[PDB]
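*Asks:*
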Ligand SMILES: N#Cc1cccc(-c2c[nH]c3ncnc(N4CCOCC4)c23)c1
Ligand SMILES: [Cl-]
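The following block contains the structure:
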């Protein structure tokens, strides 16, 4: 199959909705990614056209072709961060730190334009040929700030092991601390190659253990004291006591020179 000048050469994977194909232009040989959706997406395109940052997947544009919408996007030839995390091990701390810096640069950018991603996790964090991180998939994204006025969110969405506890507990909540939380679970996954809990609920034993500071258990025992002190500031149950991005950027481990 093919779309105007582009051939659909192969399946890269599935986003939150629909299929993503590698599109190669037959003329120019340029390779991009195309998300193919059958038959909400006005909002998504609208958010996609806002995006201009080196740690965010770039939107090239779209074509309706009968039933099928085709959303053209930057290709990331390095695959996902998911594939760089070795189970039970993680990755080298300097690599983790570098990816964390890039993730924060992307999140700050989004938040600065009033967008929350709402599903940060390693599958949505892609790597270009130089291992630069790009935040992908704006199908759950939404505006939380417009004309300088913040709106609280109420929709439950995301992925349970990554989702902040207020989203399970509060009728309405601030957007930014939710995305911060999920960045903390990504950090843990990078440093330990395991997720700390199935969900951050009072009924989840591993979540209770963390609240009781049992860091002699896994995954925490695999993580050095400096990044762990950051994770103690991020994975804070009360979102108004949770560290903000400005303060993450002052954290000791964040600023530690590494290999
Ligand atoms: N909407 C959206 C969305 C969600 C997730 C990823 C992509 C995606 C954009 N550029 C890519 N480059 C290389 N692989 C990619 N993926 C696609 C999905 O499977 C993983 C590998 C992408 C887009
Ligand atoms: Cl993992």
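In the working numbering, the protein residues as written are 24 to 282.
Where a beta carbon is used, it is the ideal one built from N, C-alpha and C, also for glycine.
Note down, in chain order, each residue of its chain lying with its Cβ closer than 7 Å to the Cβ of residue 262, except the 5 sequence neighbours on either side.
*Replies:* By 1-based counting over the chain shown, the position of residue 262 is 239. Cβ neighbours of residue 262 beyond the five flanking positions: 187, 189, 196, 197 and 200.
*Asks:* Given the structure, does residue 212 come close to ligand 2, in the sense that its CB is under 6 Å from one of the ligand's heavy atoms?
*Replies:* Mapped onto the chain shown, residue 212 falls at position 189. Yes, the Cβ of residue 212 comes within 6 Å of a heavy atom of ligand 2.
*Asks:* Using CA coordinates, which residue listed in 257, 71, 48 and 233 is at the minimum distance from residue 158?
*Replies:* Reading the chain shown from its first residue, position 135 is the one you call residue 158. Cα-wise, what sits closest to residue 158 is 71.
*Asks:* Indicate the three-state DSSP secondary structure (helix, strand or coil) for residue 118 in the structure shown.
*Replies:* Your numbering for residue 118 matches position 95 in the chain shown. Helix, per DSSP.
*Asks:* Residue 88 bridges to which residues according to DSSP?
*Replies:* The count along the chain shown starts at 1 and reaches residue 88 at position 65. Answer is 91, bridged to residue 88.
*Asks:* Assuming residue 78 contacts residue 119 (C-beta within less than 8 Å), just tell me the rounded distance between them.
*Replies:* Numbered from its first residue, the chain shown carries residue 78 at position 55. Numbered from its first residue, the chain shown carries residue 119 at position 96. The Cβ separation is near 16 Å, so there is no contact.
*Asks:* Return the chain-ordered ranges of every alpha helix (DSSP H) run that is complete within the region 191-218 and spans a minimum of 4 residues.
*Replies:* As far as the region 191-218 is concerned, its whole alpha helix (DSSP H) runs of at least 4 residues are 199-215.
*Asks:* For residue 226, name the three-state secondary structure that DSSP assigns.
*Replies:* Here residue 226 refers to the residue found at position 203 of the chain shown. If DSSP states are grouped into helix, strand and coil, residue 226 belongs with coil.
*Asks:* Leaving out five residues before and five after residue 111 in sequence, what residues of the same chain have Cβ atoms less than 7 Å from its Cβ?
*Replies:* For the purposes of this step, residue 111 is identified with residue 88 of the chain shown, where counting begins at 1. Result list for residue 111: 216 and 217, in chain order.
*Asks:* Going by C-alpha to C-alpha distance, which of 184, 31, 181 and 193 sits closest to residue 175?
*Replies:* For this step, residue 175 is matched to residue 152 along the chain shown. For residue 175, the nearest C-alpha among the options comes from 193.
*Asks:* Within a Cβ cutoff of 7 Å, which residues of the same chain sit near residue 145, ignoring the five residues on either side of it in sequence?
*Replies:* Against the chain shown, residue 145 aligns to sequence position 122. Taken in chain order, the residues that qualify are 103, 104, 105, 108, 209 and 212.
*Asks:* Assuming residue 265 and residue 271 make a contact with CB atoms under 8 Å, what is their CB distance in whole Å?
*Replies:* The sequence position of residue 265 within the chain shown is 242, counting from 1. The sequence position of residue 271 within the chain shown is 248, counting from 1. Actually they do not touch by this definition, with Cβ atoms about 10 Å apart.
*Asks:* What is the DSSP secondary structure of residue 132, counted as helix, strand or coil?
*Replies:* Your numbering for residue 132 matches position 109 in the chain shown. Helix.
*Asks:* Taking all protein chains shown into account, decide if residue 54 is buried (16 or more other Cβ within 10 angstroms of its Cβ) or exposed.
*Replies:* Against the chain shown, residue 54 aligns to sequence position 31. Residue 54 should be labelled exposed.
*Asks:* Determine the extent of the beta strand (DSSP E) in which residue 61 is found, giving its start and end residues.
*Replies:* Taking the first residue of the chain shown as position 1, residue 61 is located at position 38. Note, residue 61: beta strand (DSSP E), 54-61.
*Asks:* What residue does the alpha helix (DSSP H) around residue 256 start on, and which one ends it?
*Replies:* Start at 1 with the first residue of the chain shown, and residue 256 comes out as number 233. Unbroken alpha helix (DSSP H) run through residue 256: 248-257.
*Asks:* Using CA coordinates, which residue listed in 248, 73 and 96 is at the minimum distance from residue 132?
*Replies:* Counted from its first residue, the chain shown places residue 132 at position 109. Nearest C-alpha to residue 132: 73.
*Asks:* Which stretch, first to last residue, makes up the beta strand (DSSP E) that contains residue 71?
*Replies:* The residue you call residue 71 lines up with position 48 of the chain shown. Careful: residue 71 lies outside any beta strand (DSSP E), inside the alpha helix (DSSP H) at 64-73.
*Asks:* Do three or more CB pairs link the region 38-57 to the region 83-100 at distances below 8 Å?
*Replies:* Result yes; three or more Cβ-Cβ pairs closer than 8 Å.
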